[PDB]
Amino acid sequence: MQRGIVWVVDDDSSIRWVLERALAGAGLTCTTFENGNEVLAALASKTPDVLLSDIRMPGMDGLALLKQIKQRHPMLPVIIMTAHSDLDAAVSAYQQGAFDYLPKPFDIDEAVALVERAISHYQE
Ligand code: BEF
């Protein structure tokens, strides 16, 4: 039993406002960060029920973030907004406890329609 904690990383100010407001309606604490590293820092003192991160900056495009997540977070449900290169890092993400790899489409319909089933498929 948790109080729904969803963490996202993409743009922030724009994606956040939409997600922080929409996700909160369902009954979960939604928060955003720079792209993924910040989360790796904040995550050090708190693990969210579900997490979302971009994939265009880290040495390994984006999946690199997963490589970091799985270093401090044994099994953290991390979802990505895109899968352009280094797909092998994505496969390794599922191995540690990553949800899936979704296309750039995020806003709310796509982002939420996925985050929900994510927790739904985990809460039994
Ligand atoms: F790298 Be993100 F998907 F724009």
# chains A, B, ... in the order shown; residues from 1 in each chain; ligands from 1
>>> residues_around(residues="segment 34-40 of chain A", least_positions_apart="3", cutoff="9 Å", atoms="only C-alpha atoms", output="list in words")
residues 7, 8, 9, 10, 11, 12, 43, 44, 52, 53, 54, 55, 56, 57, 58, 62, 65, 66, 68, 69, 72 and 73 of chain A
>>> select_by_dssp(residues="segment 47-114 of chain A", states="alpha helix (DSSP H)", output="PyMOL selection string")
chain A and resi 64-72+87-96+109-114
>>> select_by_dssp(residues="segment 1-123 of chain A", states="strand (DSSP E)", output="PyMOL selection string")
chain A and resi 5-9+29-33+50-53+78-80
>>> residues_around(residues="residue 27 of chain A", least_positions_apart="6", cutoff="12 Å", atoms="only C-alpha atoms", output="PyMOL selection string")
chain A and resi 2-6+20-21+116
>>> closest_residue(among="A:86, A:100, A:61, A:49", to="ligand 1", atoms="only C-alpha atoms and all ligand atoms")
A:61
>>> closest_residue(among="A:91, A:1, A:30, A:80", to="residue 106 of chain A", atoms="only C-alpha atoms")
A:80
>>> atom_distance(atom1="atom CA of residue 97 of chain A", atom2="atom CA of residue 18 of chain A")
26.1 Å
>>> closest_residue(among="A:81, A:108, A:31, A:103", to="residue 16 of chain A", atoms="only C-alpha atoms")
A:31
>>> atom_distance(atom1="atom CA of residue 118 of chain A", atom2="atom CA of residue 78 of chain A")
9.9 Å
>>> residues_around(residues="residue 67 of chain A", least_positions_apart="6", cutoff="10 Å", atoms="only C-alpha atoms", output="PDB file with C-alpha atoms, in the first residue's frame")
ATOM      1  CA  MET A  60      24.340   6.489 -24.125  1.00  0.00           C
ATOM      2  CA  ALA A  89      20.399  -0.790 -22.798  1.00  0.00           C
ATOM      3  CA  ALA A  90      16.582  -0.963 -22.945  1.00  0.00           C
ATOM      4  CA  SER A  92      18.879  -4.555 -19.750  1.00  0.00           C
ATOM      5  CA  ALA A  93      16.385  -2.076 -18.231  1.00  0.00           C
ATOM      6  CA  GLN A  96      16.536  -4.703 -13.521  1.00  0.00           C
TER       7      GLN A  96
END
>>> closest_residue(among="A:75, A:51, A:63, A:26", to="ligand 1", atoms="only C-alpha atoms and all ligand atoms")
A:63
>>> closest_residue(among="A:123, A:115, A:15, A:99", to="ligand 1", atoms="only C-alpha atoms and all ligand atoms")
A:15
>>> closest_residue(among="A:50, A:102, A:113, A:119", to="ligand 1", atoms="only C-alpha atoms and all ligand atoms")
A:102
>>> atom_distance(atom1="atom CA of residue 84 of chain A", atom2="atom CA of residue 33 of chain A")
21.1 Å
>>> decode(residues="segment 82-110 of chain A", atoms="N, CA, C and O atoms", output="tab-separated table (two decimals), in the first residue's frame")
chain	number	residue	atom	x	y	z
A	82	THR	N	11.29	7.48	-25.48
A	82	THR	CA	11.74	7.16	-26.84
A	82	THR	C	12.82	6.09	-26.87
A	82	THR	O	13.53	5.86	-25.88
A	83	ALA	N	12.95	5.44	-28.02
A	83	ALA	CA	13.95	4.40	-28.22
A	83	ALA	C	14.61	4.54	-29.61
A	83	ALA	O	14.25	3.84	-30.55
A	84	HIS	N	15.57	5.47	-29.73
A	84	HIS	CA	16.25	5.68	-31.02
A	84	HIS	C	17.45	4.74	-31.19
A	84	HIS	O	17.45	3.91	-32.11
A	85	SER	N	18.45	4.87	-30.33
A	85	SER	CA	19.65	4.02	-30.42
A	85	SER	C	19.92	3.24	-29.13
A	85	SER	O	19.17	3.32	-28.16
A	86	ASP	N	21.03	2.48	-29.14
A	86	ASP	CA	21.47	1.66	-27.99
A	86	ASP	C	20.32	0.89	-27.33
A	86	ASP	O	20.20	0.85	-26.10
A	87	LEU	N	19.48	0.25	-28.15
A	87	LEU	CA	18.34	-0.53	-27.64
A	87	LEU	C	18.76	-1.60	-26.63
A	87	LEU	O	17.98	-1.94	-25.73
A	88	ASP	N	19.98	-2.12	-26.74
A	88	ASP	CA	20.47	-3.14	-25.81
A	88	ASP	C	20.33	-2.66	-24.35
A	88	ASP	O	20.01	-3.45	-23.45
A	89	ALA	N	20.54	-1.37	-24.13
A	89	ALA	CA	20.40	-0.79	-22.80
A	89	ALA	C	18.94	-0.87	-22.32
A	89	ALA	O	18.68	-0.98	-21.12
A	90	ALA	N	18.00	-0.85	-23.27
A	90	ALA	CA	16.58	-0.96	-22.94
A	90	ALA	C	16.29	-2.38	-22.44
A	90	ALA	O	15.68	-2.56	-21.39
A	91	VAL	N	16.78	-3.37	-23.19
A	91	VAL	CA	16.61	-4.78	-22.81
A	91	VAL	C	17.14	-5.02	-21.40
A	91	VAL	O	16.51	-5.72	-20.60
A	92	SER	N	18.29	-4.42	-21.08
A	92	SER	CA	18.88	-4.55	-19.75
A	92	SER	C	18.03	-3.83	-18.70
A	92	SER	O	18.03	-4.20	-17.52
A	93	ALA	N	17.27	-2.82	-19.13
A	93	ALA	CA	16.38	-2.08	-18.23
A	93	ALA	C	15.28	-3.00	-17.70
A	93	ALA	O	14.99	-3.01	-16.51
A	94	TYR	N	14.68	-3.78	-18.60
A	94	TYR	CA	13.63	-4.72	-18.22
A	94	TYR	C	14.18	-5.77	-17.24
A	94	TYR	O	13.46	-6.28	-16.38
A	95	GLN	N	15.47	-6.08	-17.39
A	95	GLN	CA	16.15	-7.06	-16.53
A	95	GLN	C	16.22	-6.58	-15.07
A	95	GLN	O	16.10	-7.38	-14.15
A	96	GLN	N	16.44	-5.28	-14.87
A	96	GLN	CA	16.54	-4.70	-13.52
A	96	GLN	C	15.15	-4.42	-12.92
A	96	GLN	O	14.95	-4.55	-11.71
A	97	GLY	N	14.20	-4.03	-13.77
A	97	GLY	CA	12.85	-3.74	-13.30
A	97	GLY	C	12.21	-2.55	-14.00
A	97	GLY	O	11.38	-1.85	-13.41
A	98	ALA	N	12.57	-2.32	-15.26
A	98	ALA	CA	12.01	-1.22	-16.04
A	98	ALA	C	10.71	-1.66	-16.71
A	98	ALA	O	10.59	-2.79	-17.17
A	99	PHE	N	9.73	-0.76	-16.75
A	99	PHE	CA	8.43	-1.06	-17.35
A	99	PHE	C	8.54	-1.33	-18.86
A	99	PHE	O	8.52	-2.48	-19.28
A	100	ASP	N	8.64	-0.27	-19.65
A	100	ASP	CA	8.74	-0.41	-21.10
A	100	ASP	C	9.29	0.86	-21.77
A	100	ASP	O	9.58	1.86	-21.11
A	101	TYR	N	9.40	0.81	-23.10
A	101	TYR	CA	9.90	1.94	-23.89
A	101	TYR	C	8.79	2.49	-24.80
A	101	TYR	O	8.42	1.86	-25.79
A	102	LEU	N	8.27	3.66	-24.45
A	102	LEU	CA	7.20	4.31	-25.21
A	102	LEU	C	7.76	5.38	-26.17
A	102	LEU	O	8.82	5.95	-25.90
A	103	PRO	N	7.06	5.67	-27.29
A	103	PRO	CA	7.51	6.69	-28.26
A	103	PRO	C	7.38	8.11	-27.67
A	103	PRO	O	6.73	8.29	-26.65
A	104	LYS	N	8.03	9.11	-28.31
A	104	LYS	CA	8.00	10.50	-27.82
A	104	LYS	C	6.62	10.92	-27.27
A	104	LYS	O	6.56	11.56	-26.21
A	105	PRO	N	5.49	10.57	-27.95
A	105	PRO	CA	4.16	10.92	-27.46
A	105	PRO	C	4.07	10.73	-25.95
A	105	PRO	O	4.35	9.65	-25.44
A	106	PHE	N	3.73	11.78	-25.22
A	106	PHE	CA	3.67	11.69	-23.77
A	106	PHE	C	2.53	12.50	-23.17
A	106	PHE	O	1.58	11.92	-22.64
A	107	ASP	N	2.64	13.83	-23.24
A	107	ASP	CA	1.64	14.75	-22.69
A	107	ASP	C	0.89	14.13	-21.50
A	107	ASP	O	1.39	14.15	-20.38
A	108	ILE	N	-0.30	13.56	-21.75
A	108	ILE	CA	-1.08	12.93	-20.68
A	108	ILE	C	-1.72	11.62	-21.14
A	108	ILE	O	-1.50	10.58	-20.52
A	109	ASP	N	-2.52	11.67	-22.20
A	109	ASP	CA	-3.20	10.48	-22.71
A	109	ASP	C	-2.23	9.29	-22.82
A	109	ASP	O	-2.47	8.24	-22.21
A	110	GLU	N	-1.14	9.47	-23.56
A	110	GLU	CA	-0.14	8.42	-23.72
A	110	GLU	C	0.58	8.14	-22.39
A	110	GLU	O	0.64	7.00	-21.92
